[PDB]
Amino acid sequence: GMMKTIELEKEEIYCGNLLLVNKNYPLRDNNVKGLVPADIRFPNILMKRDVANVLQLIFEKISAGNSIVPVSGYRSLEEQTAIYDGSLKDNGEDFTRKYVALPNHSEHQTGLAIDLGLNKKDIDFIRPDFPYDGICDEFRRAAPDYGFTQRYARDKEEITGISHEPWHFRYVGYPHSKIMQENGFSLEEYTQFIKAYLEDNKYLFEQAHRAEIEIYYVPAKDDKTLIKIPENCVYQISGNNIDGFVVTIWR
C-alpha cells in the first residue's frame, strides 16, 4: 500500500516511551505534558496519561484493590534535587549514589516511572516495601504484558548504575516490555539490542491470535531523519535518548 514519510528533527531523539535515562544519558527535554493523577485516591501522584491508564488496567487484572499504593510518580527537577540532597544528609553519599538518581538523570522526571508499595500505614518513601510474594509479585509478573518493566534488578547493578530496587517500574510500552522479559534485559541492554535490527532487517514480535508487530532502529542524522511508514498500519516512534529512533509497526 501507500507508504508515508516521517521527517524528524534530531532533538526528537530525546522524546518518547523508550528513552534511556541514566547516569550516562541525561533527560534533555523537561517539557513532559499530558500528566494526570494516576488515581483518584492519590491526586498528588502524577503520571503520563496513557501510563496511568495502563497502571489501572494492571490493577484491575490482578484485583489489587487497595493493597498496592503508588508512592512516587512524576517528579520535577526541584523534587529530585531535594530527594538527592536530603539523602546525602540522612543516608550518606554511598547510599545516595546507589539509590537516588542524579537530578536530570531520573526516570521519574519523564512521567514513565512509578514506585509502588504494599499498602501499610507507614511506608518508606525512598525504599518502599514491594516484595516478591503475594499481590506485589502478581503485579510484577503481569507488568510486562502491559508495557511495564522492573527497572533495577540485582543482576544488572553494574550496568544500570543503581542498586536492586524491588519497587521501581518503568513504562516502555508493549511489546518492548515483553521482549525485555523474554530475554532478561535491562533497558540498557534492550537499547543496544534493538540497534541490531535496522529497517532492512526488522525484529518480528508475534504471538497467537493478535497481529504481528515489527520493530526496528533508525539512526538519527545530524539534521532531519527520514522514516517511512505504511499508511496501512498503527505505528509508534520513540527516541532512545542517545542516537536514534525505535519504530514499532502493528501489522
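All residue numbers are counted from 1 along the displayed sequence.
Q: Look over 67-75 and 146-154 in the entry and identify the one with the greater average Cα temperature factor.
A: For C-alpha atoms only, the mean B-factor is higher in 67-75.
Q: Looking at the deposited entry, does 164-172 or 129-137 carry the larger mean Cα B-factor?
A: Higher of the two, by average CA B-factor, is 129-137.
Q: Taking the values straight from the PDB record, which of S186, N53, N201, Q192 has the highest C-alpha temperature factor?
A: Highest C-alpha B-factor among the listed options: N201.
Q: Of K121, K178, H105, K89, which one's C-alpha B factor is largest in the deposited record?
A: Answer for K121, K178, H105, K89: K121, with the highest C-alpha B-factor.
Q: Report the third (lowest, middle or highest) to which the CA temperature factor of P43 belongs, ranking only the modelled residues of the same chain.
A: Ranked within chain, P43 CA B lands in the middle tercile.
Q: Determine, from the deposited record, the chain-internal third of the Cα B-factor for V234: lowest, middle or highest.
A: It belongs to the highest third of the chain when residues are ordered by C-alpha B-factor.
Q: Sorting the chain's CA B-factors, does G34 end up in the lowest, middle or highest third?
A: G34: CA B-factor falls in the highest third of its chain.
Q: Divide the modelled residues of the chain into thirds by Cα B-factor and specify which third, lowest, middle or highest, holds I13.
A: As the PDB entry reports it, the C-alpha B-factor of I13 lands in the middle third of its chain.
Q: Tell me, lowest, middle or highest third: where does the Cα B factor of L19 rank within its chain?
A: Bottom third by C-alpha B-factor.
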